Participant: 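Pasting a structure here, questions to come.
In each ligand, atom 1 is the first atom listed, and ligand 1 is the first ligand listed. Heads up: numbering here begins at 1 and tracks the sequence.
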Amino acid sequence: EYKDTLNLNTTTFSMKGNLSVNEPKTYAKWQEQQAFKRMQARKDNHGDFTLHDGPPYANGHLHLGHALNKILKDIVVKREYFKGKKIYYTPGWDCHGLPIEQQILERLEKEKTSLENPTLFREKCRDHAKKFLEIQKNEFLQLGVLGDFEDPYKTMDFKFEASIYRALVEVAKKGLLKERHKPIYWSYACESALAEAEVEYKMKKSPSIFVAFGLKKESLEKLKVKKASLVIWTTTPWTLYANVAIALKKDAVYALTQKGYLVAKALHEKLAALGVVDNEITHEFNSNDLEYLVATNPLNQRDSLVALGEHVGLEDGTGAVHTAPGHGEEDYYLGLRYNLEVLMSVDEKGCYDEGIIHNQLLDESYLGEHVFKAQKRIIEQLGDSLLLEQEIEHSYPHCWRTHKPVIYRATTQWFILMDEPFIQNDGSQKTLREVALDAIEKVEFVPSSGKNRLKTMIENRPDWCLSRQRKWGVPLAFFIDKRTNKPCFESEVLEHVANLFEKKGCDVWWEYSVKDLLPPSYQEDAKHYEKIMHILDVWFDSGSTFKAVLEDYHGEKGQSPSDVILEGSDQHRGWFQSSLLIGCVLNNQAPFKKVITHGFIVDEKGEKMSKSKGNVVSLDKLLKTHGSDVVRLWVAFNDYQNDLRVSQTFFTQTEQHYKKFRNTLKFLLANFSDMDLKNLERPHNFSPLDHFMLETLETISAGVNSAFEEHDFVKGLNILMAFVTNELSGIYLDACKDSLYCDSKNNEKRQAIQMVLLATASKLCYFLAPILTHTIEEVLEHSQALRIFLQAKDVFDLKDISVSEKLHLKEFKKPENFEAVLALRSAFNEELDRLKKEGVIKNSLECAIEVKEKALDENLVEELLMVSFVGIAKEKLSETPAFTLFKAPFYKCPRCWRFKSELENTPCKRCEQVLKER
Ligand SMILES: CC(C)[C@H](N)C(=O)OP(=O)(O)OC[C@H]1O[C@@H](n2cnc3c(N)ncnc32)[C@H](O)[C@@H]1O
Ligand SMILES: [Zn+2]
């Protein structure tokens with residue numbers, strides 16, 4: 001046996017990753033040695049890159065969605081660092097708001113107690129966010145991500161709360177913060193106003209009723225008919241107490257039925273078929289002639305003005321809209337257009353209050369009843385004025401944290417105005433809506449489709465309600481001047497409060513008196529001021545991160561505008577939008593240059609992950625099972641810009657991708673492990689096959705890099721895998737196995753192959769470093785030849801090398817053209833397959849080939865096809881137009897197993913020299 005006499009060609013780099021054991025040691029090392037602060041400190045940094053982290057809410061353990069987010073940021077940041085740039089990536093945490101406070105509220109009820117005290121209540125919220133900020137930081141680090149995680153930004157930091165307030169101050173001083181009174185989203189479960197980003201639309205069952213409002217005697221007499229009752233359709237009988245008007249479409253025909261029901265003519269066929277009204281039409285009237293008629297509410301006998309709405313629809317309902325200014329936005333403006341009462345007797349908990357008694361809007365038995373529980377009895381009380389009751393299902397707004405359905409209540413709140421012109425920094429005049437639309441156009445969106453998703457929301461969004469009635473957050477810390485009943489926006493007062501917030505935090509706004517919150521110039525008039533006690537929308541907190549992080553640290557944590565932000569698709573409704581609006585107020589532009597949007601983590605069915613249905617695949621279990629580098633590769637190897645379905649069969653296919661990458665690196669390290677390192681200093685004479693591989697390596701390297709530049713990691717990884725699978729393993733390593741294992745260690749041709757393998761292993765390490773960082777760190781740990789070839793202590797010294805300069809290749813060396821011999825190789829391998837089907841021969845080495853086109857260099861044909869002989873022989877095997885196969889007229893060599901030995905069981909001529917070399 002000659003197996004002892006072959007080159008060993010082994011490496012300590014193991015085949016099995018054993019990731020759940022080795023990865024924790026790597027990530028713990030990067031924290032001990034401060035790898036990120038070392039990345040920033042790299043002395044040859046050239047250029048700058050800023051990724052501004054969007055702060056996840058400081059609540060709960062991380063799920064797979066958080067991991068997808070951070071891993072994608074980690075790939076983008078590591079890509080820029082390995083391109084040679086100074087990077088800025090300070091992660092942050094969203095600590096205020098209902099995402100944290102609602103958990104305190106739910107914990108207190110399960111604990112059977114409560115908490116009136118403001119300071120102590122904010123403390124338990126603050127401690128909850130601190131506890132889960134630290135839990136999430138360590139779970140992020142167990143994914144291999146690198147950022148300033150030991151110095152993250154926190155909205156609960158005193159300096160940060162002061163930065164948020166100073167951002168609000170800028171909004172106020174530009175004339176965009178104004179009080180408004182109108183119906184808005186109201187969550188009775190937390191007794192607070194809401195805006196769109198705090199609202200979740202989902203399907204809900206609801207009553208759907210058609211109600212008859214009889215015309216009063218004088219209106220019947222003015223219309224000259226015996227009976228007439230306008231029919232309204234509504235899904236909210238809880239608002240009927242607050243009716244003041246019935247709205248019709250302007251200049252539209254309304255049909256009067258023989259039973260005396262008045263509806264829009266365009267809808268009579270639907271309503272008659274529904275059995276709401278009868279089928280016979282006696283008269284038709286124009287809605288213009290019906291305006292200012294008066295009807296009688298059948299619920300409380302109150303008057304109802306027949307009015308004309310701006311856009312009454314004739315596709316649904318009846319063409320007659322029950323109008324309640326207290327509980328509808330378009331209802332409110334119509335009530336003001338006709339100067340009607342704003343009836344609103346629903347308190348902050350969604351229950352009828354004493355206003356129904358004083359204004360006789362509803363029977364006293366409804367006092368204290370919740371509006372949704374009272375609807376069954378209201379419908380019964382409608383009597384025979386109820387023409388038809390159905391139950392339907394419609395999309396309905398719910399509170400994002402209490403998950404209860406919201407209502408609308410006419411209330412006075414604070415708003416950022418969208419269509420109010422304000423003075424631009426360049427001296428011009430524009431509305432916030434116009435500025436945001438122009439700022440969107442300067443932002444690159446990845447994918448491009450996310451642009452008009454944000455553009456559409458900006459085109460249609462209303463004024464932004466900022467004021468909330470909760471405790472955990474940054475207060476709208478302004479004083480109302482009782483003398484003028486306006487807010488005080490004088491700079492000395494606002495900066496005095498801001499300085500106090502910066503040193504002490506926002507707790508002082510609840511604790512201190514009015515005079516102690518006022519500057520010295522103002523205490524003599526302390527009696528004339530009252531504190532606003534609303535807190536800011538938590539989406540204003542996160543929308544201000546660019547100012548608190550990028551601007552207030554003067555580029556020490558990144559430049560404003562940032563180069564890249566990267567969040568999930570639900571952030572067009574949220575952080576993307578709130579940051580755009582706040583950035584457009586302060587700087588008149590978006591605080592980001594590029595938006596990368598990724599999809600959501602969904603189950604095997606494509607359904608949303610819920611902590612209830614159990615479709616949640618826990619991140620911890622996923623990491624223990626597959627390892628972080630496989631989860632990272634699963635992210636990069638999949639269509640992250642769309643939703644990602646989680647199934648263990650998809651991670652198995654990813655492990656096969658990781659095994660293939662890892663097995664390839666093990667072969668490379670094993671087959672240049674014995675190369676004398678003074679080979680690195682001298683130029684080599686590379687073969688045609690060597691140059692084909694070096695030129696192919698250069699071609700796919702440009703493709704992988706160009707794809708990774710566009711963040712299309714699937715495309716680049718496919719180019720990498722196909723190269724690894726076809727050109728590298730299938731062709732090159734197959735043809736070099738004889739020289740690597742059977743030629744002398746001193747053979748210049750074997751040494752040249754090892755340089756090619758060394759170059760290939762360098763390129764794979766560079767391109768895989770941002771994705772499989774622990775694995776590439778492991779590779780460099782096990783190869784002294786790789787560490788000296790790349791001049792790298794570890795993975796963080798990786799640079800994109802020039803293969804030409806480090807291998808001393810000639811300029812204007814004409815590229816190889818293997819289009820002919822590779823097609824002959826394909827044709828031979830097909831014919832070789834069928835000869836093995838018959839069982840004639842077992843290997844390519846048993847064959848001799850005579851090619852009919854002598855243009856093909858003989859020894860390259862022998863190398864690529866791994867025939868033992870090129871030319872004529874005795875025993876024909878089969879023939880094609882291109883070649884003839886013969887049985888190799890030699891014995892199999894006992895050492896290299898090639899058919900090149902002239903005598904049985906005797907080493908071939910090459911192996912004899914090697915076996916006796918001194
Ligand atoms: C200021 C913002 C960031 C706000 N604090 C917030 O929403 O913070 P939040 O903690 O809710 O999320 C923070 C980030 O995680 C992503 N995200 C959440 N659920 C996901 C899911 N099922 N699949 C994939 N990504 C998911 C989400 O888009 C965001 O980029
Ligand atoms: Zn041999």
Participant: For ligand 1, is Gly574 a contact, meaning one of its heavy atoms is under 4.0 Å away?
Facilitator: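 For ligand 1, residue contact (heavy atoms, under 4.0 Å) with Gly574 is absent.
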Participant: Heavy-atom distances under 4.0 Å are what count here, so tell me which part of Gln571 touches ligand 1: side chain, backbone, both or neither.
Facilitator: side chain
Participant: Parallel under 30°, tilted from 30 to 60°, perpendicular over 60°: which one fits the rings of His63 and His66?
Facilitator: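 Geometry flag for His66 against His63: tilted rings.
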Participant: Mind checking whether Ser569 has an N or O less than 3.5 Å away from an N or O of ligand 1?
Facilitator: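 No, no N or O pair falls under 3.5 Å.
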Participant: Evaluate whether atom CD of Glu902 has more than 12 neighbouring non-hydrogen atoms of other residues, nucleotides or ligands under 6.0 angstrom away.
Facilitator: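 At most 12 heavy atoms, drawn from other residues, nucleotides or ligands, come within 6.0 Å of this atom.
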Participant: Under a 4.0 angstrom heavy-atom cut-off, which atoms of ligand 1 come close to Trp575?
Facilitator: 1 (C)
Participant: May I ask whether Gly60 has any heavy atom positioned less than 4.0 angstrom from an atom of ligand 1?
Facilitator: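 Not so, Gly60 does not reach ligand 1.
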Participant: Just to check, does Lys608 reach to within less than 4.0 Å of ligand 1 when the distance is taken from its heavy atoms?
Facilitator: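 For ligand 1, residue contact (heavy atoms, under 4.0 Å) with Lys608 is absent.
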Participant: What are the atoms of ligand 1, with element, lying closer than 4.0 Å to any heavy atom of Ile601?
Facilitator: 21 (C), 22 (N), 23 (N), 24 (C)
Participant: Just say parallel, tilted or perpendicular for the rings of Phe140 and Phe149, cut-offs at 30° and 60°.
Facilitator: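 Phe140 vs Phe149 ring planes: tilted.
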Participant: Any atoms of ligand 1 less than 4.0 Å from a non-hydrogen atom of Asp570? List them with their elements.
Facilitator: 27 (C), 28 (O)
Participant: Out of all atoms in ligand 1, which are within 4.0 Å of some heavy atom of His598? Include the element for each.
Facilitator: 24 (C), 25 (N)
Participant: At less than 4.0 angstrom from any non-hydrogen atom of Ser542, what atoms of ligand 1 do you find?
Facilitator: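 Within the 4.0 Å cut-off of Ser542, ligand 1 contributes 1 (C).
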Participant: For ligand 1, which atoms sit closer than 4.0 Å to a heavy atom of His63?
Facilitator: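 Answer, ordered by atom number: 18 (C), 19 (N), 20 (C).
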Participant: Is the number of heavy atoms from other residues, nucleotides or ligands under 6.0 Å of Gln648 CD greater than 12?
Facilitator: yes
Participant: Numbering the atoms of ligand 1 from 1, which are under 4.0 Å from a heavy atom of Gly599?
Facilitator: 24 (C)
Participant: Would you sort out whether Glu198 and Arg468 count as a salt bridge (charged side-chain N to carboxylate O under 4.0 Å, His left out), showing the intermediate values?
Facilitator: CA-CA 11 Å; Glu198 300 149 283; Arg468 310 283 178 268; 2.5 Å; yes
Participant: Under 3.5 Å between some N or O of ligand 1 and some N or O of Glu567?
Facilitator: yes
Participant: Between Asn7 (side chain) and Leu740 (backbone), is there a donor-acceptor pair under 3.5 Å?
Facilitator: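 Yes.
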Participant: Taking the six-membered ring for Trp and the full ring for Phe, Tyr or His, determine whether the centres of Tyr57 and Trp400 are under 6.0 Å apart.
Facilitator: yes
Participant: Could an N or O of ligand 1 be found under 3.5 Å from any N or O of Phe600, whether backbone or side chain?
Facilitator: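 By distance alone, the answer is no.
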Participant: Between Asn69 and ligand 1, find which residue part has any heavy-atom pair under 4.0 Å and reply side chain, backbone, both or neither.
Facilitator: side chain
Participant: Please determine whether the number of non-hydrogen atoms from other residues, nucleotides or ligands lying under 6.0 Å from atom CH2 of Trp897 exceeds 12.
Facilitator: no
Participant: Is the centre of the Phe869 ring less than 6.0 Å from the centre of the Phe890 ring?
Facilitator: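 Yes, ring centres under 6.0 Å apart.
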Participant: Where do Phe546 and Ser560 come nearest, in terms of heavy atoms and distance?
Facilitator: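 Shortest heavy-atom contact: CD1-OG, 4.2 Å.
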Participant: I'd like to verify the contacts: list protein N, O or S atoms under a distance of 2.8 Å from the Zn ion (ligand 2).
Facilitator: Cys893 SG, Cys896 SG, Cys908 SG, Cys911 SG
Participant: Above 12 or not: heavy atoms from other molecules or residues under 6.0 Å from CZ of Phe650?
Facilitator: no
Participant: Does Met609 reach ligand 1 with a nitrogen or oxygen that is under 3.5 Å from one of the ligand's nitrogen or oxygen atoms?
Facilitator: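 Among all N and O atoms of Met609, none is under 3.5 Å from an N or O of ligand 1.
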Participant: Considering only heavy atoms of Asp94, which atoms of ligand 1 have at least one such atom less than 4.0 Å away?
Facilitator: 1 (C), 5 (N)
Participant: Polar-atom distance check: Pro56 versus ligand 1, any N or O pair below 3.5 Å?
Facilitator: no
Participant: Quick check: are there more than 12 heavy atoms from other residues, nucleotides or ligands sitting under 6.0 Å from NZ of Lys202?
Facilitator: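 Atom NZ in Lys202 is packed in, count exceeds 12.
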Participant: Taking all atoms of both residues into account, what is the closest heavy-atom pair of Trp464 and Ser578, and its distance?
Facilitator: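 Nearest pair, atom of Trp464 first, then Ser578: CH2-CB, 3.7 Å.
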Participant: Just wondering, more than 12 heavy atoms not from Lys749 lying within 6.0 Å of its NZ?
Facilitator: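 For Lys749, atom NZ is not crowded (no more than 12 foreign heavy atoms under 6.0 Å).
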Participant: To check you understand the geometry: which heavy-atom pair defines the closest contact between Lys130 and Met156, and what is its length?
Facilitator: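 That closest heavy-atom pairing would be CG-SD, 4.0 Å.
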